[PDB]
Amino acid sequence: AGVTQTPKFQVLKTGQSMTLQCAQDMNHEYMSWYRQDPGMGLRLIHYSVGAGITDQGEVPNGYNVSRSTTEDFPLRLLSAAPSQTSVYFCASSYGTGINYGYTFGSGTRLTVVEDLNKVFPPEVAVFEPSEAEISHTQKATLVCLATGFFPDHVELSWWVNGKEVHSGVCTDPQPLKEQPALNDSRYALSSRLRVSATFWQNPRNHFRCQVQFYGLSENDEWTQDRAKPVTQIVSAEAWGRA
């Protein structure tokens, strides 16, 4: 019982068309689409009060929706523009009464660029703990650095031996711009994993940082010399040192 949006991420060349899917199995009559921008909050695009009914929201230009059935409410991007780079949220509610609330989907991060040449996968490197930190605190911090990727469609995770860990981990909530004055700036993201010095001094312990990058599809054309930046996992590893 929830709202599912697809896709989670999407990269579009300017002028391309694209449809964002939204479905719900809660028998909700009301559905609506929003776009979220930094410092803007959620802005309403289109809403539907039932099958076959559709009304414009606060910012309807550039989009159109359809409500053929109660469950589905797709958002169609007519001609992708850079100004439409945003996070899109689909929400549903049962009916008109104020006792009913809204349920949101996970959102779709959508980036529009003039040329796919701007899309870059991350370079991942794990940096090993310093001897000075181990000697001073008896703890060992590993740093994973993903740099040079565009867009900011990445998921970083730490894997110790075989297990994905969250204890002792913190990742930057937002990646930074390597060229902060540019719209198409490539990004950098870091994350830390701190363990005991004795755990790091075991040469049998295997540390793995991986970044899941959401890039191009295998149907998009690629005329560049480098490898096509498709969706992929870039990883970096380290073993303990006695």
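In case it trips you up, residue 1 is the first one in the sequence shown, and so on.
Name the higher of the two by mean Cα B-factor in the PDB entry, 11-19 versus 217-225.
Mean CA B-factor is higher for 217-225.
I need to verify one thing: averaged over C-alpha atoms only, is the B-factor higher for 117-125 or for 90-98?
According to the entry, 90-98 carries the higher average C-alpha B-factor.
Please work out which residue in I45, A181, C209, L193 has the highest C-alpha B-factor recorded for this crystal structure.
Of the candidates given, the C-alpha B-factor peaks at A181.
Between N202, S185, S32, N61, let me know which has the highest C-alpha B-factor in the entry?
By C-alpha B-factor in the record, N61 ranks first.
Is the Cα B-factor recorded for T103 in the lowest, middle or highest third of its chain?
Bottom third by C-alpha B-factor.
What third of the chain, by the recorded C-alpha B-factor, contains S167?
It falls in the middle third of the chain.
Consider only the C-alpha atoms of the modelled residues in this chain, order them by B-factor as the entry records it, and name the third containing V112: lowest, middle or highest.
For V112, the deposited C-alpha B-factor lands in the middle third.
Place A51 in the lowest, middle or highest third of its chain's C-alpha B-factors, as listed in the PDB entry.
CA B-factor rank for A51: middle third.
C-alpha B factor of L78, ranked within the chain: lowest, middle or highest third?
For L78, whose C-alpha B-factor we compare with every modelled residue in the chain, the answer is the highest third.
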